[PDB]
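Visitor: no sequence for this one, just the structure:
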RNA sequence: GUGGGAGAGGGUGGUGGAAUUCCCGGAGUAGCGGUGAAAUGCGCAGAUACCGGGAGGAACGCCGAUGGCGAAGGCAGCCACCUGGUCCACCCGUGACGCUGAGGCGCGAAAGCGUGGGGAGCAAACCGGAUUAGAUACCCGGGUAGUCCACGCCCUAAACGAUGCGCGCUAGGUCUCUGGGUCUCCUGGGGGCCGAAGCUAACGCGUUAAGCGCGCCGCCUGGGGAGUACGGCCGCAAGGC
Ligand SMILES: [Mg+2]
Ligand SMILES: [Mg+2]
Ligand SMILES: [Mg+2]
Ligand SMILES: [Mg+2]
Ligand SMILES: [Mg+2]
Ligand SMILES: [Mg+2]
Ligand SMILES: [Mg+2]
Ligand SMILES: [Mg+2]
Ligand SMILES: [Mg+2]
Ligand SMILES: [Mg+2]
Ligand SMILES: [Mg+2]
Ligand SMILES: [Mg+2]
Ligand SMILES: [Mg+2]
Ligand SMILES: [Mg+2]
Ligand SMILES: [Mg+2]
Ligand SMILES: [Mg+2]
Ligand SMILES: [Mg+2]
Ligand SMILES: [Mg+2]
Ligand SMILES: [Mg+2]
Ligand SMILES: [Mg+2]
Ligand SMILES: [Mg+2]
Ligand SMILES: [Mg+2]
Ligand SMILES: [Mg+2]
Ligand SMILES: [Mg+2]
Ligand SMILES: [Mg+2]
Ligand SMILES: [Mg+2]
Ligand SMILES: [Mg+2]
Ligand SMILES: [Mg+2]
Ligand SMILES: [Mg+2]
Ligand SMILES: [Mg+2]
Ligand SMILES: [Mg+2]
Ligand SMILES: [Mg+2]
Ligand SMILES: [Mg+2]
Ligand SMILES: [Mg+2]
Ligand SMILES: [Mg+2]
Ligand SMILES: [Mg+2]
Ligand SMILES: [Mg+2]
Ligand SMILES: [Mg+2]
């Protein structure tokens, strides 16, 4: 109902899940998916297979709004982070470029005990 | 009196009425703190490396002065008061250290 | 690979206002290059790092950038 | 701080003769001036502890020289102390 | 003394971006999160993920080092003011003015205490979920004191180089920080590594001595009982010598 036909895609990859949002060139999202949106429930969400299926679900939802050209943004390290990217180039959507924007602090906040 | 260098960056949207006023204000602020001006360099519109005050550009100024040292921190306090003024960095002058000479 | 000092001129290591030369010492990101890549000396790199940080506050050098690859 | 202008003014005042830079009177005259610069800096800045250590060494050095002048020529000692307002 | 030099040395004020949390709006559906698997939790009052705007506190990525400074504790954004120590070149001045140091005084990470602020993230106690034979724990979700600031106490430590300080003497090689020099190098002052002689029970040390000497202070005399009891001093308390 929008006919955007060009926009951005954000891959948020963690060790517990990989989720994909698709937005217009201004950042406002169109659709999205994740490892939990598809059938997977538990630890299977942070797997490269789930990361692939989640990427492909969003890419087919964006076809309904008419998306052809996509710019990709990647945040976080985790299993299936690369598998989502590879799933996106072959999704039919011509991938314009790929950027890594993973936020790193300048050593500002104290991490949880796990991360120290 | 030591010798310093003044970096002033202000909003790159001012017309000449506001540009003359803002600068003759900077003149008035240096007279009241006792800064003998040695030379001036005005760059103007310059592309910034990141947004400052939501604005992608900045209008740059540079003065080399000689003034009493005790009054420096108060001089910086007087220049930042103006809304149009954005960056005020004052650095004590140094010798031009050459590398690969 | 070549080093930065190896391919450059006679420049002022203390000038924070010359962005054209200081851009050569930042990486693809806004990060400061290691000594192994800049080809500077102990005293030189310490001076460069300080004039870089100054240019960063003047909005002339970036604090951080975005990598286009991967 | 202490510029060489103010520095020369004190040495020419307490020199036993033209050209003397290292007399005991000159050192104590020099030490006593840096004492007053620091004690006024430590009236404010009461939390500057690492500068307070240098002041202890300057006083001990000043007393060490005064204890020396005392033994050799006790007259110039009284002439020095009355001229600096110490003890 | 003069002239130079380097530095997260200290104190004060100011200041910059990244990120976290929270608020506001835009956009947008069904879960996010988390683990060896999970569950409490959060989510239709619209979360997570994305864009813009605002607030607040704390800590400084790359530079960054096997590095530098400091007497030790300890000291990392940037700028300015006040400021301490130290090193080299000149061989100018004073003329043994030196070394150590029982007491005394001052400093002293973290935690803890008092008064008043502040409170984003983390997080004793505690509240839950798991695990387990049991879980008063490791793992997960929350969370108060506290961590931050001001002023005043507290005086402990693996406060470690488990090596008190100062000086002289005794092969070198190599890496390095910083000065000066007639700048393949020489010469100082720090920081590492191999190793002569020699020492050591051995591991190891070896011009930064644990070598050869000298001066002064501290301290030791089997383990448990025990840094306990008593006494004293200090402390608001905890507790310290
Ligand atoms: Mg999971
Ligand atoms: Mg302003
Ligand atoms: Mg400092
Ligand atoms: Mg400081
Ligand atoms: Mg909202
Ligand atoms: Mg519920
Ligand atoms: Mg609910
Ligand atoms: Mg509910
Ligand atoms: Mg608040
Ligand atoms: Mg590092
Ligand atoms: Mg040292
Ligand atoms: Mg100094
Ligand atoms: Mg002589
Ligand atoms: Mg003589
Ligand atoms: Mg001593
Ligand atoms: Mg004592
Ligand atoms: Mg303490
Ligand atoms: Mg504490
Ligand atoms: Mg308290
Ligand atoms: Mg927590
Ligand atoms: Mg917890
Ligand atoms: Mg068991
Ligand atoms: Mg149970
Ligand atoms: Mg809370
Ligand atoms: Mg001994
Ligand atoms: Mg040289
Ligand atoms: Mg050496
Ligand atoms: Mg042997
Ligand atoms: Mg050895
Ligand atoms: Mg020795
Ligand atoms: Mg022995
Ligand atoms: Mg004893
Ligand atoms: Mg016994
Ligand atoms: Mg005890
Ligand atoms: Mg008794
Ligand atoms: Mg008792
Ligand atoms: Mg009592
Ligand atoms: Mg005890």
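Guide: Ah, there it is. Numbers count the residues shown, from 1 in each chain, chains lettered A, B, ... in the order given. Ligands and ions are numbered 1, 2, ... in the order given.

Visitor: what number of residues lie near the residue in chain D that ligand 1 sits nearest to?
Guide: Nearest residue of chain D to ligand 1, counting by Cβ to the ion: residue D:47, 51.5 Å away. (Each C-beta comes from the backbone N, C-alpha and C, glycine too.) Residue D:47 has 7 neighbours, counted by other Cβ atoms under 10 Å in any protein chain shown.

Visitor: which SS state does it fall under?
Guide: Three-state assignment for residue D:47 (DSSP: H, G, I helix; E, B strand; the rest coil): coil.

Visitor: tell me how far it lies from chain C.
Guide: 27 Å (Cβ to the nearest Cβ, to the nearest Å).

Visitor: could you measure that residue against chain A, distance?
Guide: 27 Å.

Visitor: residue B:51 is in what secondary structure piece?
Guide: strand B:36-52 (DSSP states H and E).

Visitor: mind giving me the packing neighbours of that strand?
Guide: strand B:55-67 (3 or more Cβ pairs under 8 Å, 6 or more residues apart in numbering or on different chains; DSSP states H and E).

Visitor: buried stuff in the strand it packs on?
Guide: B:57-61, B:63, B:65, B:67 (16 or more other Cβ atoms under 10 Å in any protein chain shown).

Visitor: hmm, it touching RNA strand E?
Guide: No: Strand B:55-67 does not reach RNA strand E (Cβ under 7 Å from any atom of the strand); its nearest approach is 9.5 Å.

Visitor: need the next SSE after that strand, C-terminal direction.
Guide: According to DSSP H and E, the helix or strand after strand B:55-67 is helix B:72-79.

Visitor: how about the helices of chain D, start to end?
Guide: Ranges of helices in chain D, per DSSP state H, are D:4-14, D:24-41, D:49-72, D:74-84.

Visitor: mean neighbour count added to the ones you listed, as CSV?
Guide: Output for the helices of chain D, formatted as CSV (neighbours: other Cβ atoms under 10 Å in any protein chain shown):
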stretch, mean neighbour count
helix D:4-14, 12
helix D:24-41, 16
helix D:49-72, 12
helix D:74-84, 14
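
Visitor: residue contacts, the residue in chain A that chain C sits nearest to?
Guide: Per Cβ to the nearest Cβ, residue A:100 is where chain A lies closest to chain C, at 4.6 Å. Taking Cβ atoms under 8 Å, 6 or more residues apart in numbering or on different chains, we find residue A:100 in contact with A:74-75, C:66-67, C:69-70.

Visitor: those residues in strands, which ones?
Guide: Among these, DSSP state E puts A:74-75 in strands.

Visitor: near RNA strand E too, which of the contacts of residue A:100?
Guide: Among these, RNA strand E is touched by residue A:75 when using Cβ under 7 Å from any atom of the strand.

Visitor: find the closest residue to ligand 1 in chain C.
Guide: residue C:70 (23.9 Å).

Visitor: hang on, that residue packs against residue A:75?
Guide: No: using Cβ atoms under 8 Å, residue C:70 makes no contact with residue A:75, being 11.8 Å away.

Visitor: which residues in chain A form helices?
Guide: A:48-64, A:81-89.

Visitor: RNA strand E is nearest to which of the ones you listed?
Guide: Shortest distance between RNA strand E and those, using Cβ to the nearest atom of the strand, is found for helix A:48-64: 7.8 Å.

Visitor: could the helices of chain D go into JSON lines alongside distance to chain C?
Guide: Putting the helices of chain D into JSON lines (distance: least, Cβ to the nearest Cβ, whole Å) gives the following:
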{"stretch": "helix D:4-14", "distance to chain C": "25"}
{"stretch": "helix D:24-41", "distance to chain C": "27"}
{"stretch": "helix D:49-72", "distance to chain C": "23"}
{"stretch": "helix D:74-84", "distance to chain C": "43"}
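
Visitor: with respect to residue B:80, which of those lies nearest?
Guide: helix D:24-41 (27.8 Å; Cβ to Cβ).

Visitor: most remote residue from chain D's center?
Guide: residue D:47 (24.0 Å; Cα atoms, centre = their mean).

Visitor: ok, now how distant is that residue from residue D:55?
Guide: 14 Å (Cβ to Cβ, to the nearest Å).

Visitor: try residue D:62
Guide: From residue D:62 to residue D:55 the distance is 10 Å (Cβ to Cβ).

Visitor: try residue D:1
Guide: According to Cβ to Cβ, residue D:1 and residue D:55 sit 15 Å apart.

Visitor: next one: residue D:41
Guide: Distance from residue D:41 to residue D:55, by Cβ to Cβ: 9 Å.

Visitor: over to residue D:21?
Guide: Using Cβ to Cβ, one gets 23 Å for the distance from residue D:21 to residue D:55.

Visitor: quick one, strands of chain C?
Guide: Counting by DSSP E, the strands of chain C are C:11-12.

Visitor: can you pull out the helices in it?
Guide: Using DSSP H, helices in chain C cover C:19-22, C:35-38, C:42-57.

Visitor: please produce a markdown table containing the ones you listed, extended by distance to chain B.
Guide: A markdown table is the format used below for those (distance: least, Cβ to the nearest Cβ, whole Å):
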| stretch | distance to chain B |
| --- | --- |
| helix C:19-22 | 8 |
| helix C:35-38 | 10 |
| helix C:42-57 | 5 |
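
Visitor: make JSON lines out of those helices and add distance to residue D:66.
Guide: Putting those into JSON lines (distance: least, Cβ to Cβ, whole Å) gives the following:
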{"stretch": "helix C:19-22", "distance to residue D:66": "55"}
{"stretch": "helix C:35-38", "distance to residue D:66": "52"}
{"stretch": "helix C:42-57", "distance to residue D:66": "43"}
